[PDB]
Amino acid sequence: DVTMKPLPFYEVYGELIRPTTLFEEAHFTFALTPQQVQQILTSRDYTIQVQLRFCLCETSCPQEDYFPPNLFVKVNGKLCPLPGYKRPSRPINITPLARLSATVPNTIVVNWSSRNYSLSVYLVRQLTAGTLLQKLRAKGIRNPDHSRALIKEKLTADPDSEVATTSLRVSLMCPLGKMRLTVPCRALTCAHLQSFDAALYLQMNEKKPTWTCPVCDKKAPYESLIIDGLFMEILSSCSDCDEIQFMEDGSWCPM
Ligand SMILES: [Cl-]
Ligand SMILES: [Zn+2]
């Protein structure tokens with residue numbers, strides 16, 4: 001079977017349409033229970049939503065959102081708006097077009113051109129950046145020795161090299177927000193030592209979810225994020241300072 005990869009800002013409450021294989025046309029139907037209708041209507045933009053998701057019809061791993069080509073969706077006979085322009089594949093909030101009643105069915109008509117694709121619908125709670133931050137801080141702090149070993153590595157001179165890096169420089173300020181770091185974080189896959197502010201980075205992806213490193217522009221998914229232990233200890237010792245300089249001998253001082 002096909003499963004979707006969980007979204008960091010969405011907690012699945014129920015599955016309304018299980019992942020189902022898709023100028024082609026396919027018709028879908030689903031119903032909400034009175035309890036599910038009550039959850040939506042009392043969630044104030046609603047915080048409990050109906051989420052439509054598309055992906056590749058692949059089984060080896062949980063799938064990320066992937067729109068089929070020439071996608072055009074109709075929810076309850078009404079044209080469903082998609083992300084602007086190539087078009088980025090993302091979950092679709094169909095709550096504004098949903099029939100928020102237990103007494104009537106909801107209809108989805110999908111048009112695309114032919115690889116196989118899959119469609120699924122979920123009842124979700126949209127989480128805040130604050131909640132996602134607390135979930136991140138709950139995974140703990142990365143060993144400060146992991147950064148110390150990375151610093152040592154980068155300052156280890158290549159023997160068949162003329163120009164050798166004798167010292168590294170990092171900032172204690174966020175490269176995105178310009179204020180001093182509170183939660184210094186980075187993706188595990190990033191090669192650089194420069195961290196960015198975790199709270200600010202989640203505040204940004206709450207609105208527009210690009211999950212892109214503000215330092216190197218590589219992918220920085222939520223599930224790859226760590227809190228640098230070394231920068232956590234420095235942020236506690238250091239005071240009137242912007243940039244730190246690291247030596248080979250392990251020492252550090254202002255830059
Ligand atoms: Cl660790
Ligand atoms: Zn990066």
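Numbers here simply count residues along the sequence, with the first being 1.
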Could you tell me whether the side chain of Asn106 and the main chain of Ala31 form a donor-acceptor pair under 3.5 Å? no

Looking only at heavy atoms, what is the nearest atom pair of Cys238 and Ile244, with distance? SG-CD1, 3.7 Å

Please evaluate residues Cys55 and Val2 with respect to the criterion side-chain contact (heavy atoms from CB on, under 4.5 Å), reporting the C-alpha separation (whole Å), side-chain torsions for both, the decisive distance (0.1 Å), and the verdict. CA-CA 9 Å; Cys55 70; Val2 172; 3.8 Å; yes

Quick one: does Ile94's side chain get under 4.5 Å of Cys80's, heavy atoms only? yes

Is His27 close to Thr107 at the side-chain level, that is, under 4.5 Å between some pair of heavy atoms? no

Got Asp197 and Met179 here, is their nearest side-chain heavy-atom distance under 4.5 Å? yes

Spacing of OG1 belonging to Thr182 relative to CE belonging to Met232, to within rounding of 0.5 Å: 9.0 Å

Starting at SG of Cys174, measure out to OH of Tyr201 and round the result to the nearest 0.5 Å. 11.5 Å

Intermediate values then yes/no, side-chain contact (heavy atoms from CB on, under 4.5 Å), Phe9 and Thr131: CA-CA 9 Å; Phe9 281 102; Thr131 300; over 6 Å; no

If you define the side chain from C-beta out and look only at heavy atoms, does anything of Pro184 sit under 4.5 Å from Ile227? yes

Please evaluate residues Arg186 and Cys213 with respect to the criterion side-chain contact (heavy atoms from CB on, under 4.5 Å), reporting the C-alpha separation (whole Å), side-chain torsions for both, the decisive distance (0.1 Å), and the verdict. CA-CA 8 Å; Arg186 211 200 291 126; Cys213 184; 5.8 Å; no

Mind checking the CD1-OG spacing from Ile17 to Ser118? Nearest 0.5 Å is all I need. 11.0 Å

What about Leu132 and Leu188, same hydrophobic cluster or not, with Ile/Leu/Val/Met/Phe/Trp/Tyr joined at side-chain heavy-atom distances under 4.5 Å? no

List the atom of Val50, the atom of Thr95, and the distance in Å for their closest heavy-atom pair. N-OG1, 2.8 Å

Pairwise side-chain contact, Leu225 with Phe196, heavy-atom cut-off 4.5 Å (strictly under): yes

Is there a side-chain contact between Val124 and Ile48 (heavy atoms, below 4.5 Å)? no

Here the gap from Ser101 atom OG to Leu32 atom CG, rounded to the nearest 0.5 Å, amounts to 9.0 Å

Quick one: do the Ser120 and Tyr122 side chains pair a donor with an acceptor below 3.5 Å? yes

Show the numbers, then the answer: is there a side-chain contact (heavy atoms from CB on, under 4.5 Å) between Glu15 and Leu123? CA-CA 6 Å; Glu15 180 183 78; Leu123 183 71; over 6 Å; no

Begin with the C-alpha distance, continue with both residues' side-chain angles, and end with the deciding distance and a verdict on salt bridge (charged side-chain N to carboxylate O under 4.0 Å, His left out) for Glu11 and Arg125. CA-CA 5 Å; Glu11 190 206 339; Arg125 182 175 179 85; 5.6 Å; no

Residues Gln245 and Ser167: side-chain donor-acceptor under 3.5 angstrom: yes

Between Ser251 and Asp249 (side chain of the first, backbone of the second, donor and acceptor by atom type, cut-off under 3.5 Å), is there such a pair? no

Nearest heavy-atom pair of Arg148 and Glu233: which atoms, and what distance? NH2-OE1, 2.6 Å

Tell me whether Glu223 is salt-bridged to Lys139, with the criterion being a basic N under 4.0 Å from an acidic carboxylate O. yes

Quick check against the 3.5 Å criterion: does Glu206 have a side-chain atom that pairs as donor or acceptor with the backbone of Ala129? yes

ILVMFWY cluster, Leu127 and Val183 together (side-chain gap under 4.5 Å): no

Taking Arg90 first and then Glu64, would you say they form a salt bridge - that is, a charged N and a carboxylate O separated by under 4.0 Å? no

Would you confirm whether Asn205, through its side chain, and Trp211, through its main-chain N or O, come within 3.5 Å as a donor-acceptor pair? yes

Has the side chain of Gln36 got a donor or acceptor atom that lies under 3.5 Å from a matching backbone atom of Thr33? yes

How about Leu119 and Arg53: do any of their side-chain heavy atoms sit closer than 4.5 Å? no

Considering only heavy atoms from C-beta outward, does the side chain of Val110 approach that of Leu22 to under 4.5 Å? yes

Just to verify, which of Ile234, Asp228, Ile226 counts as forming a side chain to side chain contact (heavy atoms under 4.5 Å, CB included) with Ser147? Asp228

Please report the interatomic distance CD1(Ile40) to OH(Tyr46), rounded to the nearest 0.5 Å. 8.5 Å

So CG of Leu100 and CD of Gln39: to nearest 0.5 Å the spacing works out to 12.5 Å

Does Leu41 share a hydrophobic cluster with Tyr13, counting links as ILVMFWY side-chain heavy atoms below 4.5 Å and allowing steps through other members? yes

Provide the closest heavy-atom pair for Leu181 versus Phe231 in the form atom of the first, atom of the second, distance. CD1-CD2, 4.4 Å

Heavy atoms only: give me the nearest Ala198-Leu136 pair and the separation to one decimal. CB-CD2, 4.1 Å

Between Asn116 and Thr21, is any side-chain donor less than 3.5 angstrom from a side-chain acceptor? no

Shortest non-hydrogen contact between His192 and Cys216, atoms and distance: NE2-SG, 3.4 Å

Any sub-3.5 Å donor-acceptor pair from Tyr117's side-chain atoms to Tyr66's backbone N or O? no

